[PDB]
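Source file: data22.txt; contents: compact mmCIF, N, CA and C atoms.
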```txt
# COMPACT_ATOMS: atom_id res chain seq x y z
N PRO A 23 83.98 87.52 109.27
CA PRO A 23 84.28 88.98 109.43
C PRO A 23 85.77 89.31 109.29
N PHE A 24 86.09 90.51 108.90
CA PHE A 24 87.52 90.90 108.74
C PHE A 24 88.30 90.65 110.03
N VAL A 25 87.71 90.87 111.17
CA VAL A 25 88.46 90.65 112.43
C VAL A 25 89.06 89.24 112.44
N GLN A 26 88.28 88.25 112.10
CA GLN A 26 88.82 86.87 112.08
C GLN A 26 89.76 86.66 110.89
N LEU A 27 89.42 87.20 109.75
CA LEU A 27 90.27 87.00 108.53
C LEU A 27 91.65 87.66 108.67
N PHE A 28 91.72 88.88 109.12
CA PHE A 28 93.06 89.53 109.23
C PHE A 28 93.86 88.86 110.34
N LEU A 29 93.22 88.55 111.44
CA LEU A 29 93.95 87.88 112.55
C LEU A 29 94.52 86.54 112.06
N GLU A 30 93.80 85.87 111.20
CA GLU A 30 94.29 84.56 110.68
C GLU A 30 95.68 84.74 110.05
N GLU A 31 95.95 85.90 109.53
CA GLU A 31 97.28 86.14 108.89
C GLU A 31 98.39 85.87 109.91
N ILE A 32 98.14 86.11 111.17
CA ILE A 32 99.19 85.85 112.20
C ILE A 32 99.61 84.39 112.11
N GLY A 33 98.72 83.53 111.71
CA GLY A 33 99.06 82.08 111.59
C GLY A 33 98.52 81.32 112.81
N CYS A 34 98.00 82.02 113.78
CA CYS A 34 97.45 81.32 114.98
C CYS A 34 96.03 81.82 115.25
N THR A 35 95.05 80.97 115.08
CA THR A 35 93.65 81.39 115.33
C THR A 35 93.41 81.51 116.84
N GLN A 36 94.28 80.95 117.64
CA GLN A 36 94.07 81.04 119.11
C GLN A 36 93.81 82.49 119.49
N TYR A 37 94.50 83.41 118.88
CA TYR A 37 94.26 84.84 119.20
C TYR A 37 92.83 85.19 118.79
N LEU A 38 92.32 84.54 117.78
CA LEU A 38 90.92 84.83 117.36
C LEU A 38 90.03 84.63 118.58
N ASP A 39 90.30 83.60 119.34
CA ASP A 39 89.51 83.35 120.57
C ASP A 39 89.70 84.53 121.52
N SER A 40 90.90 85.06 121.57
CA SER A 40 91.16 86.21 122.48
C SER A 40 90.21 87.35 122.13
N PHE A 41 89.97 87.59 120.87
CA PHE A 41 89.03 88.68 120.48
C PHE A 41 87.62 88.34 120.96
N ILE A 42 87.24 87.10 120.85
CA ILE A 42 85.87 86.71 121.30
C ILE A 42 85.75 87.01 122.80
N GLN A 43 86.81 86.83 123.53
CA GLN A 43 86.76 87.10 125.00
C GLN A 43 86.31 88.54 125.23
N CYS A 44 86.78 89.45 124.43
CA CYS A 44 86.37 90.88 124.59
C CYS A 44 85.12 91.15 123.75
N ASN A 45 84.75 90.21 122.92
CA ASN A 45 83.54 90.40 122.06
C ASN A 45 83.74 91.64 121.18
N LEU A 46 84.87 91.75 120.54
CA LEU A 46 85.12 92.93 119.67
C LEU A 46 84.76 92.56 118.23
N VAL A 47 83.89 93.32 117.61
CA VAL A 47 83.49 93.01 116.21
C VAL A 47 83.77 94.21 115.30
N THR A 48 84.07 95.35 115.87
CA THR A 48 84.33 96.54 115.02
C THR A 48 85.76 96.48 114.47
N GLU A 49 85.91 96.67 113.19
CA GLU A 49 87.27 96.62 112.58
C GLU A 49 88.11 97.82 113.06
N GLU A 50 87.49 98.97 113.19
CA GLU A 50 88.25 100.17 113.64
C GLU A 50 88.79 99.96 115.06
N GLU A 51 88.03 99.30 115.89
CA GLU A 51 88.49 99.08 117.29
C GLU A 51 89.79 98.27 117.29
N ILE A 52 89.99 97.42 116.32
CA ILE A 52 91.25 96.63 116.31
C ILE A 52 92.42 97.60 116.45
N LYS A 53 92.41 98.67 115.71
CA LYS A 53 93.51 99.68 115.83
C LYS A 53 93.45 100.28 117.24
N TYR A 54 92.26 100.43 117.76
CA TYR A 54 92.09 101.01 119.12
C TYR A 54 92.73 100.11 120.18
N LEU A 55 93.02 98.88 119.84
CA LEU A 55 93.62 97.98 120.85
C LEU A 55 95.06 98.39 121.14
N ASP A 56 95.39 98.56 122.39
CA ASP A 56 96.77 98.94 122.76
C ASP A 56 97.52 97.67 123.17
N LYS A 57 98.82 97.70 123.19
CA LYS A 57 99.55 96.46 123.58
C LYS A 57 99.04 95.99 124.94
N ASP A 58 98.80 96.89 125.85
CA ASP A 58 98.28 96.47 127.18
C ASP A 58 96.90 95.83 127.02
N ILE A 59 96.05 96.43 126.22
CA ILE A 59 94.69 95.84 126.03
C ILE A 59 94.82 94.45 125.41
N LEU A 60 95.74 94.27 124.51
CA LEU A 60 95.90 92.93 123.90
C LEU A 60 96.20 91.92 125.00
N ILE A 61 96.94 92.31 126.01
CA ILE A 61 97.22 91.36 127.11
C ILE A 61 95.88 90.94 127.71
N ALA A 62 95.02 91.89 127.96
CA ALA A 62 93.67 91.55 128.51
C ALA A 62 92.87 90.79 127.46
N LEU A 63 93.11 91.09 126.21
CA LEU A 63 92.37 90.41 125.11
C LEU A 63 92.62 88.90 125.19
N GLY A 64 93.80 88.51 125.59
CA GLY A 64 94.12 87.05 125.70
C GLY A 64 95.23 86.68 124.71
N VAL A 65 96.29 87.45 124.68
CA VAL A 65 97.42 87.13 123.75
C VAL A 65 98.62 86.70 124.60
N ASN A 66 99.24 85.59 124.26
CA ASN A 66 100.40 85.12 125.07
C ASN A 66 101.73 85.46 124.40
N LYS A 67 101.71 86.05 123.23
CA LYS A 67 103.00 86.40 122.56
C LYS A 67 103.08 87.91 122.33
N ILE A 68 104.10 88.54 122.84
CA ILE A 68 104.23 90.01 122.64
C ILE A 68 104.52 90.32 121.17
N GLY A 69 105.24 89.45 120.50
CA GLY A 69 105.55 89.70 119.06
C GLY A 69 104.25 89.76 118.26
N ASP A 70 103.34 88.86 118.52
CA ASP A 70 102.06 88.86 117.78
C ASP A 70 101.33 90.18 118.01
N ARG A 71 101.44 90.73 119.20
CA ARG A 71 100.75 92.01 119.48
C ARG A 71 101.18 93.04 118.44
N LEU A 72 102.44 93.07 118.12
CA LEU A 72 102.92 94.04 117.10
C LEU A 72 102.28 93.70 115.76
N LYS A 73 102.15 92.44 115.47
CA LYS A 73 101.53 92.03 114.18
C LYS A 73 100.09 92.53 114.10
N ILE A 74 99.35 92.40 115.16
CA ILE A 74 97.93 92.87 115.11
C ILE A 74 97.88 94.36 114.81
N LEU A 75 98.69 95.14 115.47
CA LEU A 75 98.66 96.60 115.21
C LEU A 75 99.13 96.91 113.78
N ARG A 76 100.19 96.28 113.34
CA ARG A 76 100.68 96.56 111.96
C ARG A 76 99.67 96.06 110.92
N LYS A 77 99.19 94.86 111.08
CA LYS A 77 98.21 94.32 110.10
C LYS A 77 96.94 95.17 110.11
N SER A 78 96.54 95.64 111.26
CA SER A 78 95.31 96.47 111.31
C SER A 78 95.51 97.70 110.42
N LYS A 79 96.70 98.26 110.44
CA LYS A 79 96.97 99.44 109.58
C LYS A 79 96.76 99.06 108.11
N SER A 80 97.07 97.84 107.76
CA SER A 80 96.88 97.41 106.34
C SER A 80 95.42 97.59 105.94
N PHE A 81 94.53 97.57 106.90
CA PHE A 81 93.09 97.74 106.58
C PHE A 81 92.89 99.02 105.77
N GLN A 82 93.59 100.06 106.11
CA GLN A 82 93.45 101.34 105.36
C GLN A 82 94.52 101.42 104.27
```
Would you mind giving the structure from this file in structure tokens?
Amino acid sequence: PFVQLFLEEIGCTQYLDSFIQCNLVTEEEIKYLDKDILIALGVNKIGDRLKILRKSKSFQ
């Protein structure tokens, strides 16, 4: 799924596991993720959080 493929661009699949923790499969919801939600998602790097939001925009 795109959720796993775009996240792979970060270079660390560990975050991919973070998405499984929330069980998020909708691509639009990725943009819906806020920096605070990413913390709950299971992300240990604040810089990567910015990458997820910016890369998600690339979807459109």
Inset, instruction - Go ahead and compute the interatomic distance for CA of residue 80 in chain A and CA of residue 28 in chain A, in Å to one decimal. - result: 9.2 Å
Do a neighbour search on residue 64 in chain A at 6 Å with only N, CA and C atoms, toss out local chain neighbours closer than 4 positions, and write the hits as an mmCIF file with N, CA and C atoms, in the frame of the given file.
```
data_model
loop_
_atom_site.group_PDB
_atom_site.id
_atom_site.type_symbol
_atom_site.label_atom_id
_atom_site.label_comp_id
_atom_site.auth_asym_id
_atom_site.auth_seq_id
_atom_site.Cartn_x
_atom_site.Cartn_y
_atom_site.Cartn_z
ATOM 1 N N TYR A 37 94.500 83.410 118.880
ATOM 2 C CA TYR A 37 94.260 84.840 119.200
ATOM 3 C C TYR A 37 92.830 85.190 118.790
ATOM 4 N N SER A 40 90.900 85.060 121.570
ATOM 5 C CA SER A 40 91.160 86.210 122.480
ATOM 6 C C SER A 40 90.210 87.350 122.130
ATOM 7 N N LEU A 60 95.740 94.270 124.510
ATOM 8 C CA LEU A 60 95.900 92.930 123.900
ATOM 9 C C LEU A 60 96.200 91.920 125.000
#
```
Inset, instruction - Tell me which of A:72, A:79, A:30, A:39 sits closest to residue 52 in chain A, counting all atoms listed in the file. - result: A:79
May I have the residues within 8 Å of residue 49 in chain A as a PDB file with N, CA and C atoms, in the frame of the given file, using only N, CA and C atoms and disregarding those fewer than 2 positions away in the same chain?
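Full text of selection_8.pdb as output:
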```
ATOM      1  N   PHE A  24      86.090  90.510 108.900  1.00  0.00           N
ATOM      2  CA  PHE A  24      87.520  90.900 108.740  1.00  0.00           C
ATOM      3  C   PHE A  24      88.300  90.650 110.030  1.00  0.00           C
ATOM      4  N   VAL A  25      87.710  90.870 111.170  1.00  0.00           N
ATOM      5  CA  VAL A  25      88.460  90.650 112.430  1.00  0.00           C
ATOM      6  C   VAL A  25      89.060  89.240 112.440  1.00  0.00           C
ATOM      7  N   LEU A  46      84.870  91.750 120.540  1.00  0.00           N
ATOM      8  CA  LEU A  46      85.120  92.930 119.670  1.00  0.00           C
ATOM      9  C   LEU A  46      84.760  92.560 118.230  1.00  0.00           C
ATOM     10  N   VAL A  47      83.890  93.320 117.610  1.00  0.00           N
ATOM     11  CA  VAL A  47      83.490  93.010 116.210  1.00  0.00           C
ATOM     12  C   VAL A  47      83.770  94.210 115.300  1.00  0.00           C
ATOM     13  N   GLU A  51      88.030  99.300 115.890  1.00  0.00           N
ATOM     14  CA  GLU A  51      88.490  99.080 117.290  1.00  0.00           C
ATOM     15  C   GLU A  51      89.790  98.270 117.290  1.00  0.00           C
ATOM     16  N   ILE A  52      89.990  97.420 116.320  1.00  0.00           N
ATOM     17  CA  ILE A  52      91.250  96.630 116.310  1.00  0.00           C
ATOM     18  C   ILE A  52      92.420  97.600 116.450  1.00  0.00           C
ATOM     19  N   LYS A  53      92.410  98.670 115.710  1.00  0.00           N
ATOM     20  CA  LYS A  53      93.510  99.680 115.830  1.00  0.00           C
ATOM     21  C   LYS A  53      93.450 100.280 117.240  1.00  0.00           C
ATOM     22  N   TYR A  54      92.260 100.430 117.760  1.00  0.00           N
ATOM     23  CA  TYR A  54      92.090 101.010 119.120  1.00  0.00           C
ATOM     24  C   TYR A  54      92.730 100.110 120.180  1.00  0.00           C
ATOM     25  N   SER A  78      96.540  95.640 111.260  1.00  0.00           N
ATOM     26  CA  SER A  78      95.310  96.470 111.310  1.00  0.00           C
ATOM     27  C   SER A  78      95.510  97.700 110.420  1.00  0.00           C
TER      28      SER A  78
END
```
Inset, instruction - Go through chain A and collect every residue that DSSP, computed from the backbone, puts in helix (DSSP H, G or I); the answer should be as a PyMOL selection string. - result: chain A and resi 24-30+36-44+49-54+57-63+68-80
Legend entry - For CA of residue 65 in chain A and CA of residue 23 in chain A, the interatomic separation in Å (one decimal):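 Here the two named atoms are 19.5 Å from each other.
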